[PDB]
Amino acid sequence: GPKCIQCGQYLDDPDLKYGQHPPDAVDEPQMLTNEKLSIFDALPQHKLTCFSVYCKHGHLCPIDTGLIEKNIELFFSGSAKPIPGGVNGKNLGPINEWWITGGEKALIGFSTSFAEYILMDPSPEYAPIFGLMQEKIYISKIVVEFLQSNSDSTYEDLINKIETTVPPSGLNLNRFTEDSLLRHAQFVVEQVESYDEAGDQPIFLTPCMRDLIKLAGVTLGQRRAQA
């Protein structure tokens, strides 16, 4: 059958899910405007709950399969609060970047051109897709996040950060060991390099990255041997 030219999902797939929003849901521009008036009565981050992520045609999509980085537009919806009653938003974005943020729990966050959103609970329709978050891309975000904030980090510091990071339960991920990192060494170093080559001291040069780059060149078993 025919595919969506945005996300590649089959239109006639019985598992295909569309985004839903309550009738009073508004635009990101509408939401941010209303908000300006409320603080008049500056630019904080938002909590976003009962959230969904989708392509421009409304197909529910993964955050982490490369769509964003390929410059395919991902839109999102949910109930937003600036930062424990929210405002219903729909077709927010697109997402320019997703990232990790923190009590030792690493939460998914989105940047649009206008605002930042910390993701709380998925909508029940989105939950199984959010649940398919991969270990390697989440680990990558943790790595990138940890090295931005700690430019002098050693490999031991990194493994510690990884081992103690609890994924939120919506991600449906096991706790991480040193093996979680080692098994994805190559993917991780590609992600760190990609981050460095994209914007603006590079995290690729951090002492612990030197170690990871080297471990990326050895068989998985031999990486483990060095654990």
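All residue numbers refer to positions in the sequence shown, first residue = 1.
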| item | value |
| --- | --- |
| Unmodelled deposited residues between residue 84 and residue 85, binned | 1 to 3 |
| Interresidue gap class [residue 200, residue 201; deposited sequence, unmodelled] | 1 to 3 |
| Average Cα temperature factor in the PDB entry - higher stretch of 180 to 188, 42 to 50 | 42 to 50 |
| 144 to 152 or 123 to 131, whichever carries the higher mean Cα B-factor | 144 to 152 |
| Out of 71, 113, 77, 101, highest CA B-factor residue | 101 |
| CA B-factor placement of residue 137, once the chain's modelled residues are sorted into thirds | lowest |
| Chain-wide C-alpha B factor ranking for residue 64, given as lowest, middle or highest third | lowest |
| Assigned third (lowest, middle, highest) for the C-alpha B factor of residue 106 | highest |
| Within-chain third of residue 55 by Cα B-factor, per the entry | lowest |
| Cα B factor band for residue 11 (lowest, middle or highest third within the chain) | highest |
